[PDB]
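Here the structure comes first, spelled out in structure tokens, and everything after it is commentary.
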Amino acid sequence: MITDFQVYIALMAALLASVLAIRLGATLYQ
Amino acid sequence: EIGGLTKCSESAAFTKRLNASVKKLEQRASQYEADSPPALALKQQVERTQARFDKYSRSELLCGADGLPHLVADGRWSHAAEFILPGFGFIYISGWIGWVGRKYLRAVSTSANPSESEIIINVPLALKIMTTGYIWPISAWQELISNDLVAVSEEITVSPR
Amino acid sequence: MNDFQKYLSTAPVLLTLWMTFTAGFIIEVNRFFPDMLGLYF
Amino acid sequence: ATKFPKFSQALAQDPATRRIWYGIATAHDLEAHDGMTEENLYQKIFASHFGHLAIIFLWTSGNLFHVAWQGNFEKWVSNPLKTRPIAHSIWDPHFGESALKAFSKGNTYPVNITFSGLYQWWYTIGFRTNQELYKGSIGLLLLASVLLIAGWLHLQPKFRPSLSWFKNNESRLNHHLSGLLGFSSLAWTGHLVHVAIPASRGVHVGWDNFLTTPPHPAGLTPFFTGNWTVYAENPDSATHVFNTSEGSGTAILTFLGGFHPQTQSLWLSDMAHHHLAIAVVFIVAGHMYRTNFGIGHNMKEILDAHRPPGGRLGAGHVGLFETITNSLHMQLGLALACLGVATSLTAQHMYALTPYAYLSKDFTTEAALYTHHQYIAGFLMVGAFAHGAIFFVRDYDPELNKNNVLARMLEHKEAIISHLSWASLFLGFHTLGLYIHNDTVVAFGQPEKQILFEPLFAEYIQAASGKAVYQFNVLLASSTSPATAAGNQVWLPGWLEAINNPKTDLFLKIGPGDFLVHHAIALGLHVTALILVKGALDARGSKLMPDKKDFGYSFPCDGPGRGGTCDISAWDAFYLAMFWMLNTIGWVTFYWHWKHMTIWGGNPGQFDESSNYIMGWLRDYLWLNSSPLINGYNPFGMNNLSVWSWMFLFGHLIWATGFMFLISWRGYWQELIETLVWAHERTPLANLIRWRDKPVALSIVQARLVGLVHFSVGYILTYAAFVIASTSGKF
Amino acid sequence: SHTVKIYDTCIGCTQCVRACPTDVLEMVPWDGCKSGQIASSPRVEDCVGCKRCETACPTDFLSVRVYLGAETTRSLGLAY
Amino acid sequence: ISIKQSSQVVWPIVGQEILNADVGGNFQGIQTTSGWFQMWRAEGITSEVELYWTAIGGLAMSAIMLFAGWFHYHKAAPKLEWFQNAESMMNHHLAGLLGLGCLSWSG
Amino acid sequence: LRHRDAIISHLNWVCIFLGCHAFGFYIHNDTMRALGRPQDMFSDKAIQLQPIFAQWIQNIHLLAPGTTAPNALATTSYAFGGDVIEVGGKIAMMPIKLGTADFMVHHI
Amino acid sequence: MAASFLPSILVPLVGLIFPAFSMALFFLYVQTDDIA
Amino acid sequence: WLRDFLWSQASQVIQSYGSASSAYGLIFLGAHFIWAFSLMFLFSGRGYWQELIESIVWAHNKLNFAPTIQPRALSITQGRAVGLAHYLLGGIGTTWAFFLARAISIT
Ligand code: CLA
Ligand code: CLA
Ligand code: CLA
Ligand code: CLA
Ligand code: CLA
Ligand code: CLA
Ligand code: CLA
Ligand SMILES: CC1=C(C/C=C(\C)CCC[C@H](C)CCC[C@H](C)CCCC(C)C)C(=O)c2ccccc2C1=O
Ligand code: SF4
Ligand code: SF4
């Protein structure tokens, strides 16, 4: 089964992706 | 035979359909007296059903697994009675109608009031022109050769491209 | 009588008469020659 | 540009609620934005493309993560035919206790069952455990981050590509053919030989051991010695149990044909060989154009050289290179057209030539996949024609294309449109007439009077591919044919076993019902094409509006003068053709679903007999199969299909609500909103609050779009609920 | 504000001016036609875009053309 | 109670005679739902001859209405002052049309 | 004509109120039944919406024959109450009872 | 803390908190008179 | 309503083929057809149809014939009127066939 640690790792990677997505969106906005 | 089918005169499902239809009609007929008009009407329906099934049996019609006639329309003459000959009749009739309509419209295009002749038909001219429909293909050929069938593009309006 | 004939010559009256005649002959053909699934007779 | 939307001064100064709506609807039309240059347009599109690819990879990573975390993929792998694959868990505080229990059947917690075919595909490509799926999810999450970074970077001043880079046709085509397609296909072959084939033979090959586990005992010696037949020797036997070593062979490249006997899907060796040959073809193709090394073709020269000497095509293809290069709309139209064809081909080939293990046994998944891909294909085709029309309005230059094929289409648009109209009218008249004749004769209890044309041409095609049922002794159905003697050498035995196997979908048996429904489908295709083609060809102008190009692709009308001009724009042709696309794809999917439901139910004869008249469709397809769907909840309880019952009613409601926008038009609503404004201004304690954007009725075009969106969403949701619920509640 | 253009096919019939509900158009002297006048649209700020002027114009094709553009309170016909 | 009311019969052509339902009473036809039999029985109609006479009178009244329309358009057309007689029209339509109609029907 | 704005604005509001409540009853019920929450529905077996005014009128009409219409021997219509009228084994008319479903449909 | 708690934690954040703040932010952005 | 009223009580109208009620099944279908046909008029506008008619008039002119009564798409108001008339005919006739088949079965 997927461990809690693996889930938390996936969530951290998602957080990174989200900040990069906000950055790209603001950049495209300009 | 063609398409893995069988003749309706050799189809057990076809004959089963005939028997079932006749049986339901006769069950309905059995509720009345023999001389009642409902009984006579039902027995005439029985005769017409039997005549139809027999006519389909004696024909060249093919039958699928369902026991219903299927039509062959790939161009074979052995089944030409199903699409080719009726198609010939339809083309002849429809060409007649269209040719006489076009001829009448073109004839009244030079009348005093062309628009009036479209909503109020000049019946004598119309009947005369309609009687000429039977040679519509020959007339069409002559109109095509004499450059009266097809107009030029320079004479037809178009929109900006 | 000329005016009445011209009224009978109008498009809707003639279409009604012509379609009634055409429907009549189709109906009669099917009354005397019923159930023609192709020209087999 | 001081208020939203900053890309449009005209919209930003509108004082009504319209300003908001239009801003949202014009955000992605970057060509129309204030101060846009061509170079900035290409750069912004490039960055947006990186964003879109990031979204796709996030979606795939999420599917992998939810299956790994909450699915039953290991249980499904251990027992494919008796497990229902899980999509994700449900957590919904609105559920009652009965609902939780109903949605937790076969499990300990409420779940949705997946109908996307992901389990079958992942199983076929070698996935076996939750850990592997989780690793895939993590990789795709990181790749999405990389794509977002790339999108940001290529907007920085030192990394913005120039217009010349975006207009380098030969190099982009070379790389996309040889690298994006050919090398990707080669790498996929490598995956299949190293990973998927061993997995199918009960052998684990992963990142832990792939460097020291050769995919063939003979190694790469045969490949380098040209003794390649060694890779075809010893295929999996007819008794091979998939995922186990019993009956397994060692061939990695084959041309067996047909299906694996147990999975009833394509051989993995056959698919590996397919992708290897594909890789060769595409890598070779990607060397055609001249980039930096002297050799190769120039596309402009190719185009300019192809003019028939007689002159029946006029100037030929001269002018098309600049037209295509300088028009993003024509490029997009070509892309959407080819993608639509490819999506339809995906739908048609996946059901017949099953590529994934056990997929043909998951009936609901089959129906969902076919319907999904056919609807997407319809949307893509409509888009292709819409962007063709946009190209004609915005990008077409008559002088650059003078007397070429593109201009000559415009020159004979009247003949094209009139003949398409004749074809549409002929198909409609005769198909509807035959259906009605059959309906009438069956209603009067005389089914033997039906007109039932046998689809002889298609049956002949099936026979030519080897189908024996129709008694045509032609080509591959003929023992003595040259085609048979040639084909028996490679693939013909397996193909003949599959095609003459009635348990497969390889060339389903057809009859008169198939004939009539196919002519209906042709009607739908021709009418949809007629609307789209007339919209594109009249986009620039018509007799009724000779200067239409000055008004743009989309505009409401030209007023009530000249007899009335509602729905005159090319956008309006797109809008009308959306209805016909939906109707056509509906006919297609109804046909697919009903034929398969009768096959799966063990009674093909019901379709064969009742599909020949409309009442048969209404009664034996829709009415009969509505039953489990409409009983998902009732006065006595609910089951796990209740969500589909609710979605069915939801779709009906959305569709009907779309009718309101489509039928009632703007003036009524604007007058009503005037009284609403009066009421709010005159109501104490509520007039303390005021709008800062004047309420107005939706615009003419906006209402057409909103009605169309409601119609389309309702159509899709209703049919999806029906197909899923009917298939899953029956089987 | 909407755009209203007069093309030189105008015959100075004054019908568009009489049709206008918001007084956008007026007749001005001109030597290009027999009537000695042409239409003009000096007050496009008050044009609602009803296109009654186009409905009234007798030439083929139209001599007055209304192209709808940036919406204002005046062009939206708002009493509020 | 057991016989289904039927007042429309179809001709035997192209198989449509199936529409002549077995409605009872040695009769085949279409089951009609406009309530004619109930109304006729309530009126006291017991024979088809009474129905024939009512139909003949209906034809006579139809011709009379048609002649009256022709007469009051082409031969004797009332002046506008005649039409603007709301008081007299109400008096006649209440007392004569509705009142005498009710009295005679009660008779 | 001089207060058309008031008339139309108030009628518009009445229409929104009626539509939202009357049709939202049905939508609420569909959602509750789908979620496996029958006890949360608007129904006779649940949260009830009894048409008490209609029922009061029905009772009054049922009691009318002897008291407020003393010379009437039976009710004007059996739909208001009374026995079942049977003809040939089929029901001609019997009392038509009004509950929550009748409330919802009358408001529709 | 366990991952099995995440739905009941995350679903209200995704379906209630996030749309409310996103809608408030978009409302504030569309009501702003000078954005650039 | 969708299950216990429409789906359930439509059984008679959809199972009527081959009986005296088959006219009701046919009219049920034809009314559905006319109702759907009305949506073409209700959802579209005459500018499109006039432009299509231009291409068709071209084909007739290309063969040297065309009416002097020039073909025109229906007016805006006539488009609405036709759409609504077919909508009402289709919907009401569908309910008509459905009610009549159901009630003839249950009576
Ligand atoms: C493939 C999807 C896609 C892409 C690549 C784009 C790209 C673009 N959009 Mg579009 N848009 C889209 C979908 C997309 N959009 C959708 C679905 C809508 C709703 C209909 C819109 C509506 C829209 C409007 C109204 C506008 C744009 C604009 C733009 C451009 C400016 C960038 C921007 O908007 O900032 C990106 C947005 C942000 C940075 C804000 C938040 C979004 C980030 C990326 C993710 C959210 C964080 C995450 C959810 C946090 C979770 C928290 C939770 C767990 C608690 C850019 C070209 C603007 C423009 O100027 O056009 C020229 C503009 O005004 N778009
Ligand atoms: C070999 C190196 C290489 C590679 C791997 C790529 C890859 C890519 N580039 Mg390209 N690019 C390259 C070189 C390369 N490029 C060069 C040298 C230039 C400058 C000349 C460009 C200029 C460029 C631009 C301007 C853009 C790209 C974009 C892209 C992306 C396209 C979208 C996508 O992801 O679909 C990948 C799809 C697949 C892997 C599957 C394709 C299958 C399709 C459906 C065809 C299937 C047909 C089938 C095989 C057979 C026909 C069917 C028939 C039987 C009916 C993709 C990542 C776009 C992008 O989105 O960037 C962010 C973009 O806008 N590139
Ligand atoms: C078309 C080419 C192709 C495709 C689509 C696949 C697809 C797959 N392979 Mg296969 N494979 C291939 C070719 C391919 N392979 C080739 C040529 C070989 C050598 C013969 C293999 C050998 C192989 C082995 C041994 C295994 C696989 C496995 C897999 C599966 C899981 C892979 C995975 O973990 O995804 C996640 C994605 C990746 C791992 C790659 C992306 C990694 C990103 C980019 C990392 C980001 C780097 C960056 C520095 C990060 C920091 C920066 C950032 C945070 C900003 C997946 C189905 C595995 C499996 O489970 O099979 C069932 C497995 O064990 N493959
Ligand atoms: C089921 C409803 C329905 C039907 C039957 C039609 C039918 C048609 N559409 Mg329409 N359409 C519809 C819905 C429908 N549409 C909707 C909802 C929209 C979105 C607004 C459209 C938008 C649309 C566009 C944009 C176009 C069409 C076109 C067409 C024609 C296509 C060619 C054809 O099949 O000719 C065959 C004719 C028919 C099938 C209709 C005739 C029906 C019967 C058989 C005729 C019977 C006549 C009867 C005997 C006489 C009356 C009896 C009595 C009253 C006197 C056809 C008339 C196209 C066109 O004009 O092509 C030429 C076209 O460009 N439609
Ligand atoms: C298209 C219009 C139309 C059609 C085709 C029908 C068809 C029918 N009506 Mg209906 N009817 C209509 C409009 C129509 N109605 C309207 C607008 C009203 C309101 C006044 C009625 C009130 C009505 C009554 C009360 C009855 C019918 C009945 C019938 C059926 C028997 C026909 C008959 O001859 O009975 C003849 C009618 C009677 C024998 C009873 C008439 C009693 C009324 C009160 C007479 C009123 C006349 C009066 C002068 C009108 C002026 C009103 C005044 C305020 C100015 C038949 C189905 C009868 C039925 O259902 O039988 C089974 C029936 O009893 N109709
Ligand atoms: C089923 C499709 C449908 C629906 C839902 C509507 C709905 C409406 N129509 Mg429309 N109409 C329709 C078909 C439909 N119509 C069609 C096909 C036409 C063409 C003839 C029209 C032409 C038309 C006209 C001419 C008029 C209307 C008007 C109305 C409104 C009536 C007032 C009202 O009750 O609001 C209440 C809202 C509803 C009844 C809809 C659902 C209510 C829900 C179930 C309860 C409340 C939920 C709440 C908002 C929470 C939402 C949660 C969400 C945020 C997630 C209402 C919004 C009228 C109007 O605006 O009057 C003020 C009006 O004059 N319509
Ligand atoms: C884009 C694909 C995608 C989709 C549609 C979903 C959908 C869902 N997730 Mg999942 N999730 C995903 C990817 C996705 N997830 C990935 C890659 C991870 C690993 C980080 C997770 C980790 C995760 C957890 C731990 C949980 C969910 C849960 C859920 C459910 C409730 C929403 C929620 O609260 O999640 C919260 C989601 C996050 C905190 C991380 C989101 C990460 C993805 C990549 C965001 C995607 C952004 C998207 C592409 C933007 C475009 C959409 C927009 C234009 C419309 C819902 C079914 C909950 C659940 O299962 O309830 C039963 C839950 O507890 N997800
Ligand atoms: C289809 C359609 C048309 C095209 C339909 C037209 C022009 C009607 C054609 C009617 C025919 C020509 C009259 C009846 C004739 C028969 C159909 C064929 C007999 C031919 C001759 C005997 C006259 C519109 O003009 C239109 C206008 C505004 C909103 C919606 C629509 C709309 O939906
Ligand atoms: S569009 Fe209307 S308001 Fe504008 S100039 Fe013409 S008539 Fe006047
Ligand atoms: S623009 Fe047209 S209507 Fe106005 S004056 Fe000129 S010709 Fe007359």
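How things are named: the first chain in the structure tokens is A, the next is B, and so on; residues count from 1 in each chain; ligands count from 1 in the order shown.
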
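Contact shell of region 93-98 of chain G at 8 Å (only C-alpha atoms; same-chain neighbours under 6 positions omitted): residues 50, 51, 54, 55, 78, 79, 80, 81, 82, 83, 84, 85 and 86 of chain G.
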
Exercise for review: Pick out the residues no farther than 7 Å from ligand 10, counting only C-alpha atoms and all ligand atoms, and list them as number ranges by chain.
Suggested key: E: 6, 9-17, 38-39, 53-54, 56-59, 62-64

Env. residues ligand 5 / 9 Å / only C-alpha atoms and all ligand atoms / as a PyMOL selection string: chain F and resi 33-40+43+93-94+97-98+101

ask   = Quick one: residues within 8 Å of region 10-24 of chain A, only C-alpha atoms counted, chain neighbours fewer than 6 positions away excluded, as number ranges by chain?
value = D: 51, 138, 141-142, 144-145, 148-149, 151-152

Exercise. Please give me, as JSON, numbers by chain, the residues lying within 6 Å of ligand 1 when counting only C-alpha atoms and all ligand atoms.
Key: {"A": [18, 21, 22, 25, 26, 28, 29], "D": [5, 24, 27, 28, 48, 51, 52], "H": [13, 14, 18]}

Using only C-alpha atoms, what does the table of region 21-107 of chain B residues within 10 Å of region 63-83 of chain I look like, with each row giving the shortest atom pair and its distance in Å to one decimal, sorted by chain and ascending number, as a tab-separated table?
```
residue	atom	partner	partner_atom	distance
B:101	CA	I:65	CA	9.8
B:102	CA	I:65	CA	6.4
B:103	CA	I:65	CA	8.6
B:104	CA	I:65	CA	9.8
B:105	CA	I:67	CA	6.9
B:106	CA	I:65	CA	6.2
```

Can you pull out every residue within 7 Å of region 95-100 of chain B, counting only C-alpha atoms, but drop anything in the same chain fewer than 3 positions away, and send it as an MDAnalysis selection string? chainID B and resid 91:92 103:104 129:130 133:134 136
